[PDB]
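In order, the protein sequences belong to chains A and A'. A prime marks a further copy of an entry chain.
If you count the first sequence from 1, position 44 lands on 42 in the authors' numbering, and the numbers rise without skipping.
If you count the second sequence from 1, position 102 lands on 100 in the authors' numbering, and the numbers rise without skipping.
Number of protein chains: 2
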Amino acid sequence: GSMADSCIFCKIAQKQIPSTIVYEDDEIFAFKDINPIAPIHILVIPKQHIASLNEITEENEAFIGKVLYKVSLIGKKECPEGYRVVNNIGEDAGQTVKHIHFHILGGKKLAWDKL
Amino acid sequence: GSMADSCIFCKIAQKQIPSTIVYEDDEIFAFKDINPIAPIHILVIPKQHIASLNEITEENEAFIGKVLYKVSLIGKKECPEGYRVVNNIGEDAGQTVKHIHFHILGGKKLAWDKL
Ligand SMILES: Nc1nc2c(ncn2[C@@H]2O[C@H](COP(=O)(O)O)[C@@H](O)[C@H]2O)c(=O)[nH]1
Ligand SMILES: Nc1nc2c(ncn2[C@@H]2O[C@H](COP(=O)(O)O)[C@@H](O)[C@H]2O)c(=O)[nH]1
Ligand SMILES: [Zn+2]
Ligand SMILES: [Zn+2]
């Protein structure tokens, strides 16, 4: 069946499952992480379903560039003293939801610890 | 004076300062992190000098998309069991070098700890 009917982040992006919205437009949806690891922890997703960064193609690279530009616009507004962007791909990175999502982290001097 | 003459990552990208090269082409340069926080820890930079993600514009967003596509090509080769991509912007994120660089991290089940 379809991603629209099955994917948790597709549903959050269509407001079929609630979230605390930070920003949205026709292309992207940004909302607060439910289990934050920093005092500011925002997820930014495309509304369209793309499973991970490994699904970027030479053909959709421009759109992912646009998503990253919008990530920066959100980051510089919400985190004027700096922010970290994180994307997790697959098992070793702990990727849970298979709908690409950029983490925006900030609000403190963020740790840089061995992983 | 010019970035080519002053910026550590511009110089590494032109091989004016040594690094352990992972991949390069006319657009990007990827090399091993000197102080790794994971068993695979690669930095990917554009050869052109762009200071941080906050310098992405609606006009260069396509090129940054291309850089991120190439990050994914490097990640999926070097880290077939998954990888994490990190970008640090400004003080709170600990951004040291003001030449945009994507961290590719992997080679183990990566921690997800409070920052
Ligand atoms: N707001 C919200 N965040 C979620 C939900 N499900 C998962 N998350 C967050 O999504 C993130 C998934 O990141 P991943 O580990 O896949 O990179 C986690 O930080 C997790 O807490 C949800 O239903 N609502
Ligand atoms: N290979 C190499 N890595 C460097 C050099 N200088 C800084 N680095 C790495 O560059 C990264 C900078 O990341 P930042 O904290 O700015 O995101 C750090 O992980 C640091 O160890 C260098 O001269 N050579
Ligand atoms: Zn989805
Ligand atoms: Zn530079």
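Ideal Cβ placement from N, Cα and C applies to all residues, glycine included.
Asked	Found
Members of the region 69 to 82 of chain A' that neighbour chain A once the beta carbon cut-off is set at 8 Å	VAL69, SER70, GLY73, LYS74, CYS77, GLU79, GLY80, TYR81, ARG82
Chain-ordered chain A' contacts of residue 143 of chain A [CB-CB under 8 Å]	Outside the modelled stretch of chain A, which goes from -1 to 113, sits residue 143 of chain A, for which no answer is possible.
The region 51 to 62 of chain A' in contact with the region 25 to 37 of chain A per 3-pair CB rule at 8 Å	no
Closer than 8 Å to chain A by CB, A':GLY(-1)	no
Per DSSP, cross-strand counterpart(s) of A:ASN85	A':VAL83
Inter-residue spacing [alpha-carbon to alpha-carbon] between A:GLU22 and A':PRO16	44 Å
Same chain, Cβ closer than 8 Å to A':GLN93, five either side skipped, listed in chain order	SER50, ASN86, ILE87
Cα-Cα separation, A':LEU71 to A:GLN12	30 Å
Entirely enclosed alpha helix (DSSP H) segments - the region 37 to 79 of chain A', minimum 4 residues	59 to 76
Residue burial classification, A':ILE62 (beta-carbon count within 10 angstroms, cutoff 16)	buried
Closest Cα partner of A':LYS68 within the set A:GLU76, A:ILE19, A:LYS75, A:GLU57	A:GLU57
Contact set for A:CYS8: own chain, Cβ-Cβ below 7 Å, skip 5 residues either direction	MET1, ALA2, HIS47, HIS97
Residue list, Cβ distance to ligand 3 heavy atoms smaller than 5 Å	A:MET1, A:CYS5, A:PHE7, A:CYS8, A:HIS47, A:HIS97
Contact under 8 Å by Cβ, A:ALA91 with A':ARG82	yes
Distance cut-off 7 Å: A:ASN85 Cβ against heavy atoms of ligand 2	no
A:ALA109: first and last residue of the uninterrupted beta strand (DSSP E) it sits in	Per DSSP, A:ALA109 belongs to no beta strand (DSSP E) and is neither H nor E.
Cross-chain neighbours of A':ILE62 in chain A, by beta carbon under 8 Å	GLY63, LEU66, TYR67
Where the alpha helix (DSSP H) through A':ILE6 begins and ends	6 to 11
Interface flag, A:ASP111 vs chain A', CB-CB below 8 Å	yes
Rounded distance between the beta-carbons of A:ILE102 and A:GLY73, thought under 8 Å	5 Å
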